[PDB]
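Below is one structure, written out as structure tokens, with a few remarks after it.
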Amino acid sequence: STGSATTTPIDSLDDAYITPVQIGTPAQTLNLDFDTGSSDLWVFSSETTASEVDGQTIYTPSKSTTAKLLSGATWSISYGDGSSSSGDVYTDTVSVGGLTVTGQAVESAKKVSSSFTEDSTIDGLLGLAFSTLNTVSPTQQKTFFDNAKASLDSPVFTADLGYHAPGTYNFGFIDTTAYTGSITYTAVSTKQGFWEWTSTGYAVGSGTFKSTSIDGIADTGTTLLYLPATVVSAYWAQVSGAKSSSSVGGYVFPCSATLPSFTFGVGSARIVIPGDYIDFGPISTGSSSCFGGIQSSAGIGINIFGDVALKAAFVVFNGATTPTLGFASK
């Protein structure tokens, strides 16, 4: 089997991407944030505290003839941005782009933190990291990909995120028309539950490539590119007037600037992030200070190849017995 679904930016900045997902019988379609940095499929629901729902579409398990309460199971998750959610668990039929999993754990939110409430465009998350990170207790549950894997034509999914445009998540096949050149594959460590890999270095604009190992995670659920402070300083030093602002929370730059590109290495291959992809617009409405799309990871504990980096590539998440990641230009 295979599946193919379009993923759409939630706003003009590509702050996140939503993909429609069918849950239950008859189908209830929710727009979920596919997140290769976490491993829970959770949704706004008829159980979510009413004051914490503000425009999201909800899953109502009582209206699904295939929903079954997973007795005794609870979940609770905290994300790197400080947001959180928790609740109980149903199993139900879940389909993405024509690919169907029966018995998928659908984590129904009873509580969500303010940032989820305040984003009416995201109805929940669909985790695509390794199932060892799934938070369901006392019986950990599998991700949608893990449940689907055995049925897929090939045990892979691909992320093809658009810049200011829709893109595609495919399951079970590699669309050879969706990228240019060849796909370069690189090793993955699953020890932390992430799609964790080592980039071979970077360049800023037309500058020379610096060969240096940068361990980080391929994370579709993080907006920006978070890299070591040395790398980030080297990038922003090429932008007149750019500075790190403690009050804003990262590097800002004059909105009048033209940003240089940023290249990262995948083995001997190179992925080029155009400068425009690094512009996240005014820090507040009407400001001439703009927020940068490359930021320091120094306060995170891990480097994160988020959407800014991934949207410059066609990315293969290879879930073979020994997982690997593939990157191609496009």
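We label chains A, B, ... in the order they appear in the structure tokens, count residues from 1 in each chain, and number ligands from 1 in the order shown.
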Exercise for the section: Within 9 Å of residue 242 of chain A, counting only C-alpha atoms, which residues show up once you throw out same-chain ones fewer than 2 positions away? Write them as a VMD selection string, please. Expected result: chain A and resid 236 to 240 244 251 to 254 292
For those residues, write N, CA and C atoms to a file as a compact mmCIF listing (two decimals), in the first residue's frame.
```
# COMPACT_ATOMS: atom_id res chain seq x y z
N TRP A 236 24.94 35.18 10.69
CA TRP A 236 24.37 36.52 10.88
C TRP A 236 25.41 37.62 10.77
N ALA A 237 26.69 37.29 10.93
CA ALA A 237 27.75 38.27 10.69
C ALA A 237 27.76 38.76 9.25
N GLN A 238 27.14 38.03 8.33
CA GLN A 238 27.09 38.43 6.94
C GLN A 238 25.90 39.32 6.63
N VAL A 239 25.10 39.68 7.63
CA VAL A 239 23.90 40.50 7.44
C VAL A 239 24.10 41.79 8.21
N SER A 240 24.22 42.90 7.49
CA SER A 240 24.46 44.19 8.14
C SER A 240 23.33 44.51 9.10
N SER A 244 21.87 39.48 17.98
CA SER A 244 21.10 38.63 18.88
C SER A 244 20.46 39.51 19.93
N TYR A 251 18.18 35.99 17.14
CA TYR A 251 18.72 36.90 16.14
C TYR A 251 17.60 37.59 15.39
N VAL A 252 17.76 38.90 15.25
CA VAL A 252 16.90 39.75 14.46
C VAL A 252 17.78 40.47 13.45
N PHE A 253 17.15 41.00 12.41
CA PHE A 253 17.90 41.66 11.36
C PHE A 253 17.01 42.72 10.73
N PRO A 254 17.60 43.71 10.08
CA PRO A 254 16.78 44.76 9.46
C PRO A 254 15.91 44.17 8.36
N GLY A 292 14.97 36.15 12.54
CA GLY A 292 15.75 35.23 11.73
C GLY A 292 15.29 33.78 11.81
```
Exercise for the section: Return as JSON, numbers by chain the full set of residues in segment 125-231 of chain A whose backbone-based DSSP assignment is strand (DSSP E). Expected result: {"A": [125, 126, 127, 156, 157, 158, 159, 160, 167, 168, 169, 170, 171, 184, 185, 186, 187, 196, 197, 198, 199, 200, 201, 202, 203, 204, 210, 211, 212, 213, 214, 215, 216, 217, 218, 225, 226, 227]}
Problem - Nearest-residue call for residue 74 of chain A, choices A:308, A:320, A:136, A:161, using only C-alpha atoms - result: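 For residue 74 of chain A, the nearest of the candidates is A:136.
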Exercise for the section: Rank A:223, A:184, A:295, A:285 by their smallest atom-to-atom distance to residue 318 of chain A, using only C-alpha atoms, and report the top residue only. Expected result: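 Closest to residue 318 of chain A of all the choices is A:184.
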Exercise for the section: Using backbone DSSP assignments, extract all helix (DSSP H, G or I) residues from segment 38-218 of chain A; output them as a list in words. Expected result: residues 50, 51, 52, 61, 62, 63, 114, 115, 116, 117, 131, 132, 133, 144, 145, 146, 147, 148, 149, 150 and 151 of chain A
Fill in the blank from the handout: Using only C-alpha atoms, the residue out of A:78, A:158, A:71, A:49 with shortest distance to residue 34 of chain A is A:158
Problem - Separation of atom CA of residue 2 of chain A from atom CA of residue 99 of chain A in Å - result: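 Separation between atom CA of residue 99 of chain A and atom CA of residue 2 of chain A: 5.8 Å.
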Extract, using only C-alpha atoms, all DNA, RNA and protein residues at most 12 Å from residue 127 of chain A, discarding same-chain residues fewer than 5 positions from it, and format them as a short mmCIF file (atom, residue, chain, number, x, y, z; two decimals) with N, CA, C and O atoms, in the first residue's frame.
```
data_model
loop_
_atom_site.label_atom_id
_atom_site.label_comp_id
_atom_site.auth_asym_id
_atom_site.auth_seq_id
_atom_site.Cartn_x
_atom_site.Cartn_y
_atom_site.Cartn_z
N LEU A 32 -3.84 17.93 10.88
CA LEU A 32 -2.83 17.64 11.89
C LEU A 32 -1.46 18.12 11.45
O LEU A 32 -1.15 18.21 10.26
N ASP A 33 -0.64 18.42 12.45
CA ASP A 33 0.74 18.83 12.26
C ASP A 33 1.60 17.58 12.32
O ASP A 33 1.80 17.00 13.39
N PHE A 34 2.10 17.14 11.16
CA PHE A 34 2.94 15.96 11.09
C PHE A 34 4.32 16.31 11.65
O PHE A 34 4.98 17.22 11.14
N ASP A 35 4.75 15.58 12.67
CA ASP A 35 5.88 15.99 13.50
C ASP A 35 6.88 14.85 13.61
O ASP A 35 6.70 13.94 14.43
N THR A 36 7.94 14.88 12.81
CA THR A 36 8.98 13.86 12.89
C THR A 36 9.84 14.00 14.14
O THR A 36 10.76 13.17 14.32
N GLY A 37 9.57 14.97 15.01
CA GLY A 37 10.23 15.09 16.29
C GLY A 37 9.45 14.60 17.49
O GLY A 37 9.90 14.80 18.62
N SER A 38 8.29 13.97 17.30
CA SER A 38 7.55 13.39 18.41
C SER A 38 6.79 12.17 17.91
O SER A 38 6.77 11.88 16.71
N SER A 39 6.12 11.48 18.83
CA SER A 39 5.64 10.14 18.53
C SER A 39 4.24 9.88 19.05
O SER A 39 3.86 8.72 19.24
N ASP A 40 3.45 10.94 19.27
CA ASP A 40 2.07 10.84 19.72
C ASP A 40 1.18 11.40 18.63
O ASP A 40 1.48 12.45 18.05
N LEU A 41 0.09 10.70 18.35
CA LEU A 41 -0.97 11.21 17.48
C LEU A 41 -2.07 11.65 18.44
O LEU A 41 -2.74 10.81 19.04
N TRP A 42 -2.21 12.97 18.62
CA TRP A 42 -3.19 13.50 19.56
C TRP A 42 -4.03 14.54 18.85
O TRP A 42 -3.57 15.23 17.93
N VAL A 43 -5.27 14.66 19.32
CA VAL A 43 -6.25 15.53 18.68
C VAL A 43 -7.06 16.31 19.70
O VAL A 43 -7.36 15.83 20.80
N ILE A 77 2.27 15.09 27.26
CA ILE A 77 3.45 15.42 26.47
C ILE A 77 3.80 16.88 26.67
O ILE A 77 2.92 17.73 26.86
N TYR A 79 6.49 19.74 24.82
CA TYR A 79 7.30 19.95 23.64
C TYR A 79 8.40 20.97 23.92
O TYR A 79 8.36 21.71 24.91
N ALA A 105 -3.75 4.16 17.82
CA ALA A 105 -3.99 4.93 19.04
C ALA A 105 -4.19 6.40 18.70
O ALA A 105 -3.31 7.04 18.11
N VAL A 106 -5.37 6.91 19.03
CA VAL A 106 -5.75 8.30 18.83
C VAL A 106 -5.87 8.90 20.22
O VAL A 106 -6.76 8.53 21.00
N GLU A 107 -4.96 9.80 20.55
CA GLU A 107 -4.85 10.35 21.90
C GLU A 107 -5.74 11.58 21.97
O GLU A 107 -5.50 12.57 21.28
N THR A 132 9.44 4.61 20.53
CA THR A 132 10.00 4.63 21.88
C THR A 132 9.74 5.95 22.60
O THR A 132 9.84 5.98 23.83
N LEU A 133 9.42 7.03 21.89
CA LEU A 133 9.09 8.30 22.52
C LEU A 133 7.60 8.45 22.84
O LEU A 133 7.21 9.45 23.45
N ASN A 134 6.76 7.50 22.43
CA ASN A 134 5.33 7.68 22.64
C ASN A 134 5.03 7.73 24.14
O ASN A 134 5.59 6.95 24.92
N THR A 135 4.15 8.65 24.54
CA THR A 135 3.94 8.92 25.96
C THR A 135 2.80 8.13 26.59
O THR A 135 2.56 8.29 27.79
N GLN A 141 2.23 3.11 22.89
CA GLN A 141 1.57 2.87 21.61
C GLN A 141 2.49 3.21 20.45
O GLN A 141 3.47 3.95 20.59
N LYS A 142 2.16 2.66 19.28
CA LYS A 142 2.94 2.84 18.07
C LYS A 142 2.45 4.03 17.25
O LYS A 142 1.26 4.34 17.22
N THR A 143 3.38 4.65 16.55
CA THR A 143 3.01 5.71 15.62
C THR A 143 2.26 5.15 14.42
O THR A 143 2.28 3.95 14.11
N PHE A 144 1.60 6.07 13.71
CA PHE A 144 0.93 5.72 12.46
C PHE A 144 1.88 5.05 11.48
O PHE A 144 1.53 4.04 10.86
N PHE A 145 3.09 5.57 11.34
CA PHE A 145 4.05 4.97 10.42
C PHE A 145 4.45 3.57 10.87
O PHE A 145 4.51 2.65 10.05
N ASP A 146 4.71 3.40 12.16
CA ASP A 146 5.08 2.08 12.67
C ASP A 146 3.97 1.07 12.41
O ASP A 146 4.23 -0.06 12.01
N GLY A 193 15.40 8.45 20.18
CA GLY A 193 14.06 8.37 19.64
C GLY A 193 13.80 9.25 18.45
O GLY A 193 12.67 9.26 17.96
N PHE A 194 14.79 10.00 17.97
CA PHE A 194 14.63 10.97 16.90
C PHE A 194 15.28 10.44 15.62
O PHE A 194 16.07 9.49 15.64
N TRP A 195 14.96 11.11 14.51
CA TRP A 195 15.67 10.93 13.25
C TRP A 195 16.93 11.79 13.35
O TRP A 195 17.02 12.91 12.84
N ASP A 219 13.35 17.42 11.96
CA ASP A 219 12.15 17.66 12.77
C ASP A 219 11.17 18.55 12.01
O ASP A 219 11.26 19.79 12.05
N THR A 220 10.19 17.93 11.36
CA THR A 220 9.19 18.68 10.63
C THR A 220 8.29 19.50 11.54
O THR A 220 7.62 20.42 11.07
N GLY A 221 8.24 19.19 12.83
CA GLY A 221 7.42 19.92 13.76
C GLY A 221 8.07 21.14 14.38
O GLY A 221 7.43 21.80 15.21
#
```
Handout entry: Distance criterion (only C-alpha atoms): nearest to residue 155 of chain A out of A:170, A:7, A:211, A:28
Key = A:170
Handout entry: Counting only C-alpha atoms, the option among A:296, A:258, A:86, A:329 closest to residue 310 of chain A
Key =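 Selected residue with least distance to residue 310 of chain A: A:329.
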Practice task
Fewer than 2 positions away in the same chain doesn't count, so skip those; otherwise give me all residues within 12 Å of residue 62 of chain A, counting only C-alpha atoms, as number ranges by chain.
Solution key: A: 24-26, 28, 45-47, 58-60, 64-69, 90, 92, 108
Handout entry: Residue neighbourhood segment 261-275 of chain A, 9 Å, only C-alpha atoms, exclusion window fewer than 2 positions, as a count of residues only
Key = 31
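With distances restricted to only C-alpha atoms, A:324 is the closest residue to residue 196 of chain A from A:8, A:324, A:137, A:117.
For the pair atom CA of residue 207 of chain A and atom CA of residue 282 of chain A, the separation is 27.1 Å.
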Exercise for the section: May I have the residues within 10 Å of residue 302 of chain A as an MDAnalysis selection string, using only C-alpha atoms and disregarding those fewer than 2 positions away in the same chain? Expected result: chainID A and resid 196 214:217 226:228 297:300 304:305
Problem - residue 48 of chain A surroundings by only C-alpha atoms, 8 Å radius, close-in-sequence under 2 positions cut, as a VMD selection string - result: chain A and resid 44 to 46 50 52 to 53 108 to 112
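Counting from atom CA of residue 5 of chain A, the distance to atom CA of residue 316 of chain A is 15.2 Å.
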